[PDB]
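Cβ: placed from backbone, ideal geometry, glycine included. Neighbour counts: every protein chain shown. Derivation of every value follows stated rules applied to the coordinates shown; laboratory data play no part.
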Ligand SMILES: OCCOCCOCCOCCOCCOCCOCCS
Ligand SMILES: OCCOCCOCCOCCOCCOCCOCCS
Ligand SMILES: OCCOCCOCCOCCOCCOCCOCCS
Ligand SMILES: [Mn+2]
Ligand SMILES: [Mn+2]
Ligand SMILES: [Mn+2]
Ligand SMILES: [Mn+2]
Ligand SMILES: [Mn+2]
Ligand SMILES: [Mn+2]
Ligand SMILES: [Mn+2]
Ligand SMILES: [Mn+2]
């Protein structure tokens, strides 16, 4: 059945490319992807699948039932874009001012639509079901994966597989790693309340800028002391709002930060240590601290059994692309929510452009090699056919 | 021959109060004091004095020449009001909403006007000339005293004498102190330029919030290590503008600061030391620092001979303090001439919304200044 | 009467100088002044005074009782020397080890002995009692004043007067200031207990050098923020004992500091603020702190009423030297212990060498004009006869 | 062989254990391994190999020449012990008080000796040469690999293979990882020179304790800001020698620190950032800084091709034991010197006790499963035979 799969996919490469470009041209923001969601549901018209709409708001769950009893494998593609002004480059650059598919979600949707169509004409080659998940709202908390889980997107599902194109990794192969593969994320706001007063009488006041500044310096020990050197953690203060008047001792500063930890234990340690510094600042400087600490996407955990199965299957099929281990990746990803409800594997397709500058994700000049489309379909399809045989 | 003085004053007290209430009712901002400069000029109409209406921007210099040679004493009273919304509940409260005479400059003006008219009447009783300085724009930099000095005001003057009403000194005498008595001021703006980037890749960025935070931390050593314990210095960062985005390492912060020193040497040391740190931050964190350092009011030096001189002269007629926190642009006169600045008790909160004072200050002020003038 | 006193003291000026030079030739360290205390006691043999000698260690109190009811004035002179090798090269330079009268205590004792001798001959000319306090151990904490006081040196005393010769002030006047004139002192030891460990697993340790280092950084705010700009305070850490093995996270550090305040209120603010930072360190870094905070010399408070009276009394006596107000002085002085227990005045006699370069107190080249002896004796005697009229 | 090798090795397991236990009983410190070196030389007597004994001090190089054309492969076992008092309660525990084979270097030497004897018997079964490297001094810098390399140990050598038993990885598998597997090391001494002075006149001095403390504080940013979250690095200050007189402003402080980096670029970035802070302290505080920065063991780099090869070879043979990927490891390892010169693999054999408590390397209670001996020899031999086929 694999042989047939590959040539059908190769013969539809042009269609994937044409679809990516249309979607690239009409990107929509997270929680406002009205046209994209409608386009995806319309694609499946005339095709032999069940499409369930509005799973999350704009959640789309297309079921490909072979008609025969068996496992259920979910395959996931996200479709939201970002608030970025496109600077490509390209004839099919976004005509929706200020928004751009800067993370390859258009490409994820493109290959998945064509793969799903293809798997639908091959019900005679597998058992059980494929659940194709077209997910909105990946980019902005609370995200789409969460809302889709709450609406039962994973009812019946044994395993989840997802693919992300990587504009930073070499085209011509797919990449994998069991265990923790992408960082989880938290956000915090800290209000540091001292006491304002005239700038010539500091003894009468309690300087919030000094306290907040000492806090920023002490905070560096969370990463530098409190985490193991073999852990992966980040604590960034992106906003120190202490704007005031020249000669008035500042009464309050607002600090906002974000946190990444590659494992849940690392996230837990960071939260504990930032809370210790924040509470202790009150005793050290006599300020009042108001900490709001909001957990956000968990770290993405690639189930070791399933992920190794995926890499084993792909190496044993002998396709026109290589398969190899990779390092963990910096950004957070809401696929991590699937990966925490079911054993899952999130894998990567090399998408670095052949010629010209290589830009990272979310950059205005972001671009991928379009032959990542076919490789993604071939890879995911191969897994689907072996799994569910 | 100073009971005449004394008695003539005691008599005209109630005149001082009216005037004070009238000015308190119609207050005007620094550099916007058109009607008060007019009123002060008109008050002297009919009186044997010479009045300059623009020395300079709205500076009022009234000279009282005895017609005889030839020593020259300048006495100073300021007259600008403050941008605050009066909340005293007074029968003569500000009619100019948002503006208030909340430092007592209306009182300075009131008593001085009345002492000046009195001194015009005793031209026989003294030699040389008196220069009455009615000064606008004390409150808002650059002043104030500054322009006036360049524009004529000090020409031929050998000593300057001034008085402030202190709403927080009981109110039964006039307080003083020789030597450096009020701090001078400077301010600065520091741009700390690093390199912005996505929050998950700190190694590709240079965090300006971290550099700036470390700067504020090191800055504490200026007062705590670089100055003598016996010096008086203040280095305050009142503005740390590092407002940004969750999720983005901040590329630039803007720091604004406010410096005080009790001596001009202390101010220079603070400046050197802030510059050392600013420059050092660049080497230490790899940032670019753009420091704008603005000098402001000098420290107020009460000439020690002349100050005891006036205290002795006052003591020997008939019915010391700590240095004071505010900066005072009188310091500019005191930089160019041997001068003395003394205080008059007025306890009924300076620059406070509910600012009030004892009205016995007015009369005490005229008594002490007049006495000194005749010597 | 005054004319008597001045004349009498003038005729004895040679005796003052001879005693001073003798004492300068044989100086003794604080708490080791046996030979000097015996000389002081021996001086009073043959003289009509009451000499108490055990109050306290090497402390000598001599009472000159008019035999009539009245007030009691204490007058104080110290006699300890300093651990300094004299390189002044004077004929009468120290021939005792490596110790020198580098603070002019030989001059205080010398004029005081002769003044006391003179006052005993004038019991007719005053009422009540003079108490002469010959005090050891001024230079080294805890000091002699505190010890003499707990041994009843101020029993029944109404006021205390003291004089210090000043090598940096112009000879020819006496100097005074009401209120706080000299700084008080405190000292502290802070033990910072963390958790030691192998240098490459910071996450398993609690780094005491890091906590201690943050402490010292934060401590700068005591003087830079918590004190009024017009207060006079210093907080110095002279010892940060964090010596260990380069590759071991340090378990404990010992920090030692020294504090000065010109007012007792300044000293109290400093103590309160250092205690706040020590306990805030525990809460921020999870270390355990033991702060040992030892108050030492109070700041020297010159009673305004008494000091003004002294100044006035000297001005209105027809004396051959001026009297003028001075600035407060940097060094600490254990006379402050008396000034704390009784309304008191500490005044200065100008002693700067009229020719040649002037050296400060506690210097190897330290030298004083010997005219300061007579001036001191006349000044103190004038106050005595007037106060006890 | 290749089934001949395994059978021969299996029949010699008893011998492996006896050598291990003997060596365990008589451990010797780095640079002092006279008797262990002798023993190793004594083992090859009467065995058909070419023994060189003075390749650096205590360096033993054994060449097993097949006589035939082929490649050359060096295999490495280290033989130094540690300054640790044994507490295992084993019958063959160290009889050299205060010294213990607490890293399993006795086991490395044992399995290697038996393997090399076996490989000598099979010169007909391979082509090229085997260079067996018996290396002293691994534990104490500057260790043994460098001197041996300087003395021509890697001459003609194409690849280097080394094995470490791992007391905290499960018996019985062999573990591997391409790329950087073990951290490199550096150390530094910083002298921070200000200007000493009386503790209450800080404006006249330049406080080295203050500057030193601000330096430790700023140093935290090296790891917390200058390193990628995905890099592995440590900066520890183990020594802050600022002991002084509590009331003197300290003239000089000595700081000593320890650095780890998993890659050589990480180590280089750490050196750069510490030098930037050091040089920058001079500018900010006006102190003089003398930094001695000494690079020690480089990070251990496993050549990707050779280790993938080593892993493939092991898996395809049919050994009694499994083969799987490990994480990189905290400790330093002077094997890294060979790995920089020739394409190398350093792999691990699981040696955790199967019963009772698991203790790490350099622990007084360190203990290993003795099954790791046979497994190690079987692994290294299999690579030798397939590589030299
Ligand atoms: O003079 C400083 C200019 O800053 C522009 C930044 O571009 C220079 C190279 O920086 C690119 C990647 O950032 C590296 C992180 O900076 C770490 C230390 O920054 C030192 C400033 S050269
Ligand atoms: O606990 C305060 C902050 O420390 C955070 C760093 O934690 C490092 C690991 O902490 C372990 C906690 O144990 C506390 C001390 O235990 C001492 C006894 O342990 C001895 C065996 S290691
Ligand atoms: O500002 C950039 C250059 O600074 C000018 C010289 O600075 C030298 C470094 O000393 C800074 C520390 O100042 C401490 C005060 O010391 C005062 C006495 O020093 C005498 C010469 S070291
Ligand atoms: Mn994205
Ligand atoms: Mn994405
Ligand atoms: Mn004002
Ligand atoms: Mn004013
Ligand atoms: Mn002394
Ligand atoms: Mn003394
Ligand atoms: Mn070891
Ligand atoms: Mn080892």
Semi-axis lengths (Å, descending) of the ellipsoid that matches the C-alpha gyration tensor of chain B: 45, 22, 18
Calculated [θ] (222 nm, deg cm²/dmol) that DSSP helices of n ≥ 4 give over the protein assembly as shown, each run adding -39,500 (n - 2.57): -10000 deg cm²/dmol
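What does the average come to when, for each residue of peptide D:204-212, you count the partner chain Cβ atoms lying within 10 Å of its Cβ?
5
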Geometric extent, Cα atoms of the protein assembly as shown - Rg, Dmax (angstrom): 43.5, 135
Förster-model FRET efficiency, 30 Å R0, residue D:295 and residue B:288, C-beta, rounded to 0.05: 0.45
Angle in degrees between helix C:13-25 and the longest Cα principal axis of chain C, rounded to the nearest 10: 30
Considering only the protein assembly as shown, percent of DSSP beta bridges that pair antiparallel, nearest 5: 65
Longest to shortest principal axis, alpha-carbon extents of region A:15-80, angstrom: 40, 27, 19
Label-to-label distance, nm, for residues given as residue C:71 and residue C:326 (7 Å Cα→Cβ offset): 2.3
Cα long-axis angle, helix C:2-11 against chain C (0 to 90 degrees, to the nearest 10): 80
Highest-MSF residue in chain A out of A:249, A:40, A:133 [GNM, Cα springs under 10 Å]: A:249
Shielding by partners, peptide A:251-261 (average Cβ within 10 angstrom, other chains): 2
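Working from the alpha-carbon coordinates of region C:183-297, get Rg over Rh, Rh being the Kirkwood radius. Numbers along the way, then the final one.
Values: Rg = 15.1 Å, Rh = 14.6 Å.
Rg divided by Rh gives 1.03.
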Pairwise label distance in nanometres, residue D:305 with residue C:204, each label 7 Å out on the Cα-Cβ vector: 3.9
Amide N of region B:162-184 lying under 20 Å from the label point, which is placed 7 angstrom from the Cα of residue B:318 along Cα→Cβ: B:172-174
Chain C: angle of helix C:304-316 to the longest principal axis, Cα-based, in degrees nearest 10: 40
